[PDB]
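Chemist: Build me a structure from this.
(chains A, B, C, D and E)
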Amino acid sequence: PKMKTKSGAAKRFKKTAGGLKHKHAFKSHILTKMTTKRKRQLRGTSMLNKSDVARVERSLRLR
Amino acid sequence: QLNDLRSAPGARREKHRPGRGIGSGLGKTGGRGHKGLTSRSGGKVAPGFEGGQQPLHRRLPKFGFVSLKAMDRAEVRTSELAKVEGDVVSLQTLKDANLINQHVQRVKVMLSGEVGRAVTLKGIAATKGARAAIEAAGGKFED
Amino acid sequence: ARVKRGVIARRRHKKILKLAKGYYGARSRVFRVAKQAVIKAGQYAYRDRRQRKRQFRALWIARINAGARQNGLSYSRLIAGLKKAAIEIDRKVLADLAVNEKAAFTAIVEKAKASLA
Amino acid sequence: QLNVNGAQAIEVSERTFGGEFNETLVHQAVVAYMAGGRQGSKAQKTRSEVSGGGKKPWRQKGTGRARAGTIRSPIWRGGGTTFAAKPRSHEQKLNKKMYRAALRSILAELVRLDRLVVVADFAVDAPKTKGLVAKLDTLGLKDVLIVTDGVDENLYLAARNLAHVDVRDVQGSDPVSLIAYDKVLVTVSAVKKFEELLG
RNA sequence: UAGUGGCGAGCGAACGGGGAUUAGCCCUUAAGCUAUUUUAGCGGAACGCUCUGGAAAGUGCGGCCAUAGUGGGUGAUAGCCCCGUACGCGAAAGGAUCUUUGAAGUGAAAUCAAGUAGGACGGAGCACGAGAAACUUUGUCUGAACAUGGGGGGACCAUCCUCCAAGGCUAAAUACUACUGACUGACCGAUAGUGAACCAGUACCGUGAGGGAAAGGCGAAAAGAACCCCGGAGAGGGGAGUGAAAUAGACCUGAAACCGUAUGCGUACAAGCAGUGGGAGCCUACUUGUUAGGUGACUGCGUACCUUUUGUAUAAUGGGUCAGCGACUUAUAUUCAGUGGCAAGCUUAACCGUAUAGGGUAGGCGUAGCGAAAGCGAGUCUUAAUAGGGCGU
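Modeler: Residues are numbered from 1 along each chain as shown, chains lettered A, B, ... in the order given. There you are, the coordinates:
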């Protein structure tokens, strides 16, 4: 199959049947500043935004 | 008559040739525009490249793990139990009726419709809602 | 299937050099000059279909004006004289009656003077 | 239904014969057969295979002539075709089921146009061409496609020289020759086997 | 895909399935064995009158051949005029391939394994860039147990499984074409196709290695012009003869730019992208003038084309004109629309095949999700959650 995916975006984007999951950023290595309201609202696993879909679905070889 | 027949209207189109005339609409540039990268031979922007801003797939954290053991999993809907023959749903009986796969060991059965006939599951382990259907619709769940 | 374009190129060249005959020197015989003088002579023929209508209207007016001064008016008071009444006659057929049918023109002019305008 | 010239009405299944004539399907099937692997062997050569041409003739700047870098280039004299064609295959893939629905649809309008002559049995005796010419004079036919399943060396050695008469097997019958060859001559064995193939 | 990777660009397995092909044996060294085709040939069937034509294969009108009817070429279009086309015979003599066969190698045909396994630094090959790094390798330095041993199962260790390392031999499926021979083409048709249809790797250009062109066609047949007149005793013409045709004459057709010669109409007091709108007169034809064609005195409006650009008549770019060639293609993967097949199911890849049919369902996509994972399932994850909320039906 002459269509190699990228290896990075296959490790930051799992694919479910309701879009693409991804972990939130900014949560490492300086954490004694931030208020919890900000820590517990970056703990989940969001789904990807619509401006970003057709950019990633070319990096992952879906197109 | 081979002199007669032709396809449906709209089924064939005719491959517009860029670079011919001025009346055709595609002349002298071919839909590219003017000077720049996406106007030249091999004007391929690399996929995922943004221009110099840090791209999406190098800002977000790696978070996966791939176990090993879903390489041996499969599952069968309750509706497909009427697709084997011989009414003994073994492990190999799902393979020769090519309902599952080769090289699959552990199989479940989940609820997806009525079964249709009384079969004896053995070797495979259904969910809670599935075994409430098979035990009522004449089947027998042994091992 | 190699196609050689030496025979359908020639028909399109002779079709240009037919429209461009009667021209001076090198505009009627070589093709990279005779293509410009066929397009340019088509723009002039588009503009001058409008300017034809302006060069006769300005010729009809200046013939009524000369013929109606000899009887005793101007042009501009004659047109107000005919449209006080209702005579409804073009400029094209007044300037025919000015030259050829001169006695019928005088029988028109006297009625504009009776219209007193 | 089907009127054998001898006698008695073989009365076939109307699932195959007497179907609706989809001709968008048939046009796709005769196009894919007819472009089935042609012999295709075109062979033009590019900028990189022509003999020689590997130095700049006349220095970049300062000469007065336009910038050139190779004597063997598409702008020049015998330099090279700029998009040369190397050999390649021509083959569609229609389907198994889609090939049969086209075959079943030309075999309905073959019946509705009376281009189909069903006979009891067609058997020549000696491999001699003038014997078969007389036997086609009985049915009143010339330019015939003969469709049978028992293609015998009496029948095959004849009509390798006849001008418009062609003999085939029931699995060698392709969707071109059933639309060419104005009248088709089947036997009562071959109408059976269309129910084993097409249903 | 798991992995590997300044975890960047990227590189990328195996296990398991489906096929093609179908043998295993043992000591170079304890003690070795290592019946056909082919280069030459031969036979090979079926047609007559009638028109036009320089010449019939063509127009007509009939008949015959066939295991050979889309070949070539004969004064124009030939199944039946000529050469050939389907099957057999072969061959003094060589060649090769299968055999017996001869020797010997092709080699059917006995063990086994010490500076060896492992180890320590330094490198390679393993998909695997010191990484928890297994395994194979060998440049330097070392070093075992005797098949009651041994080494493998991706750091490592116990338990189970599975194989005998330090000696050898092997057909088939496979890769290739400078050289042949048949055949075939939705391949080229002398600026294309080999650089090369022509005496081409030649002429020429280089001290050399090396580079490297341009160059086809009279007619069915030379019947290729006896003889006369002008000319330098020539070159070239004018006749005459051949021919269906010499404006087919040493060459089929024969265009454009370029150059001329005749005939008509306009131009020697008038200023410019040379045309367009109106328009006198003259000419030649036709019924004789709108029946049409050719010139255009006079006069109104009018600063070429392309490309770059916020704008070009621009004193910005490019072009001496003509004739030939000269620029969005292919292959393999994948997404969206158009039109089709079967439909909770649709479809096969290699490979077999009397071979565009048929077989081949391995594999893929779907019919169910949520979760990092085990796992549980019309729900599941987070959570002390059964509360809320995310995703899903």
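
Chemist: Quick one: residues contacting the closest residue in space to residue C:23 that isn't next to it in sequence.
Modeler: Spatial nearest neighbour of residue C:23, excluding adjacent residues (CB to CB, 6 or more residues apart in numbering or on different chains): residue C:37 at 6.1 Å. In this view, the C-beta of every residue, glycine as well, is placed from N, C-alpha and C. Residues near residue C:37 by CB atoms under 8 Å, 6 or more residues apart in numbering or on different chains: C:20, C:23, C:27.

Chemist: any idea which of these is the one closest to residue D:22?
Modeler: Closest approach to residue D:22 among the contacts of residue C:37 (CB to CB): residue C:20, at 55.3 Å.

Chemist: and that closest one, how many neighbours?
Modeler: Close neighbours of residue C:20, defined as other CB atoms under 10 Å in any protein chain shown, add up to 18.

Chemist: same deal with residue D:103?
Modeler: Applying other CB under 10 Å, we find 20 residues neighbouring residue D:103.

Chemist: Would you map the strands across chain D?
Modeler: D:116-119, D:144-147, D:166-168, D:183-187 (DSSP state E).

Chemist: Am I right that residue C:22 is in contact with residue C:28?
Modeler: Yes: using CB atoms under 8 Å, residue C:22 is in contact with residue C:28, at 6.6 Å.

Chemist: out of these two, which sits in the busier spot?
Modeler: A direct count of neighbours by other CB under 10 Å for residue C:22 and residue C:28 places residue C:28 higher, at 14 against 7.

Chemist: Might one say that that one is in contact with residue C:19?
Modeler: No: contact criterion CB under 8 Å: residue C:28 and residue C:19 do not qualify, at 10.1 Å.

Chemist: residues from chain C in reach of RNA strand E?
Modeler: Residues of chain C lying close to RNA strand E (CB under 7 Å from any atom of the strand) are C:1-2, C:4-6, C:9-10, C:13, C:22-27, C:29-33, C:36-37, C:39-41, C:44-45, C:47-49, C:51-52, C:55.

Chemist: Please indicate which of those residues are buried?
Modeler: C:27, C:37 (16 or more other CB atoms under 10 Å in any protein chain shown).

Chemist: Who are the packing partners of the longest helix belonging to chain D?
Modeler: When chain D is parsed with DSSP state H, its longest helix is helix D:96-112. Packing contacts for helix D:96-112, counted by 3 or more CB pairs under 8 Å, 6 or more residues apart in numbering or on different chains; DSSP states H and E, involve helix D:23-34.

Chemist: change it to 10 Å
Modeler: If you count contacts as 3 or more CB pairs under 10 Å, 6 or more residues apart in numbering or on different chains; DSSP states H and E, helix D:96-112 packs onto helix D:23-34, strand D:116-119, strand D:183-187, helix D:190-197.

Chemist: Which residue does chain D have closest to chain B?
Modeler: residue D:24 (4.3 Å; CB to the nearest CB).

Chemist: Would you agree that residue is in contact with residue D:31?
Modeler: No: using CB atoms under 10 Å, residue D:24 is not in contact with residue D:31; the gap is 11.1 Å.

Chemist: Give the intersection of the neighbour lists for these two.
Modeler: Counting by CB atoms under 10 Å, 6 or more residues apart in numbering or on different chains, the shared contacts of residue D:24 and residue D:31 are B:5, B:7.

Chemist: Contact partners for residue B:57?
Modeler: Counting by CB under 10 Å, 6+ apart, residue B:57 touches A:6-13, A:22, A:55-56, A:59-60, B:48.

Chemist: Repeat that for residue A:62.
Modeler: Here residue A:62 is in contact with A:3, A:5, A:15, A:20, A:53-54, A:56 (CB under 10 Å, 6+ apart).

Chemist: quick one: which of those sit in strands?
Modeler: Short answer: these in strands (DSSP E) are A:15, A:20.

Chemist: Narrow the contacts of residue A:62 to just the buried residues.
Modeler: Buried members of the contacts of residue A:62, counted by 16+ other CB under 10 Å: A:20, A:56.

Chemist: Check the offset of the longest helix anywhere in chain C from the chain's centre.
Modeler: Ordering each helix of chain C by length in residues (DSSP H) puts helix C:36-69 first. Its chain's C-alpha centre lies 4 Å from the corresponding centre of helix C:36-69 when counted by CA atoms, centre = their mean, to the nearest Å.

Chemist: Tell me the first helix or strand C-terminal of that helix.
Modeler: Sequence-wise, the next helix or strand downstream of helix C:36-69 (DSSP states H and E) is helix C:76-84.

Chemist: Which strands or helices does the helix or strand following that next one pack on?
Modeler: Next along the chain after helix C:76-84, taking DSSP H and E as the criterion, comes helix C:91-97. Packing partners of helix C:91-97 (3+ CB pairs under 10 Å, 6+ apart): helix C:36-69, helix C:76-84, helix C:102-115.

Chemist: Return the most buried member of the ones you listed.
Modeler: Most buried of the helices and strands packed on helix C:91-97, by mean neighbour count (mean count of other CB atoms under 10 Å in any protein chain shown): helix C:76-84, with a mean of 16.

Chemist: Phi first, then psi, for the most centrally placed residue in chain A.
Modeler: The centroid of chain A falls nearest to residue A:22 when counting by CA atoms, centre = their mean (2.7 Å). Main-chain torsions, residue A:22, degrees, to the nearest 10: phi -160, psi 150.

Chemist: Does it touch residue A:53 like I think?
Modeler: No: here residue A:22 does not reach residue A:53: they are 11.7 Å apart, not a contact under CB under 10 Å.

Chemist: what is residue A:15 paired to in the beta sheet?
Modeler: Legend: beta-bridge partners of residue A:15 under DSSP bridges are residue A:20.

Chemist: how far away is it from residue B:28?
Modeler: According to CB to CB, to the nearest Å, residue A:15 stands 43 Å off from residue B:28.

Chemist: The residue in chain B positioned nearest to chain D - how many residues pack around it?
Modeler: Nearest to chain D, among the residues of chain B, is residue B:8, at 4.3 Å (CB to the nearest CB). By other CB under 10 Å, 12 other residues sit near residue B:8.

Chemist: That one: what's it in contact with?
Modeler: Taking CB under 10 Å, 6+ apart, one finds D:22-25, D:27-28 in contact with residue B:8.

Chemist: tell me the SS of it?
Modeler: coil (DSSP: H, G, I helix; E, B strand; the rest coil).

Chemist: Give me the phi and psi for it.
Modeler: Dihedral angles for residue B:8 - degrees, to the nearest 10 - are phi -80, psi 160.

Chemist: Distance check, the closest residue to residue D:47 other than its chain neighbours against residue B:21.
Modeler: The shortest distance from residue D:47 to any non-neighbouring residue, by CB to CB, 6+ apart, is to residue D:80 (4.5 Å). Separation of residue D:80 from residue B:21 (CB to CB) stands at 27 Å.

Chemist: now residue B:76
Modeler: For residue B:76, the distance to residue B:21 (CB to CB) stands at 61 Å.

Chemist: Next, the contact list for the residue most central in space within chain C, please.
Modeler: The centroid of chain C falls nearest to residue C:52 when counting by CA atoms, centre = their mean (2.6 Å). Listed by CB under 10 Å, 6+ apart, the contact set of residue C:52 is empty.

Chemist: that older thread, which residues are in contact with both of residue C:28 and residue C:19?
Modeler: C:34, C:37.

Chemist: Now do the longest helix seen in chain A: distance to the chain's middle.
Modeler: Counting by DSSP H, the longest helix found in chain A is helix A:50-59. Counting by CA atoms, centre = their mean, helix A:50-59 is centred 11 Å from the centre of its parent chain.

Chemist: Please apply the same query to stretch D:109-123.
Modeler: 21 Å.

Chemist: for the contacts of residue B:57, which one is nearest residue D:69?
Modeler: residue B:48 (35.2 Å).

Chemist: ok, the spatially closest residue to the closest one that is not a sequence neighbour - contacts?
Modeler: Counting by CB to CB, 6+ apart, residue B:48 lies nearest to residue A:59, which is 4.0 Å off, once chain neighbours are set aside. Neighbouring residues of residue A:59 by CB under 10 Å, 6+ apart: A:5-6, A:8-10, A:13, B:46-49, B:55-57.
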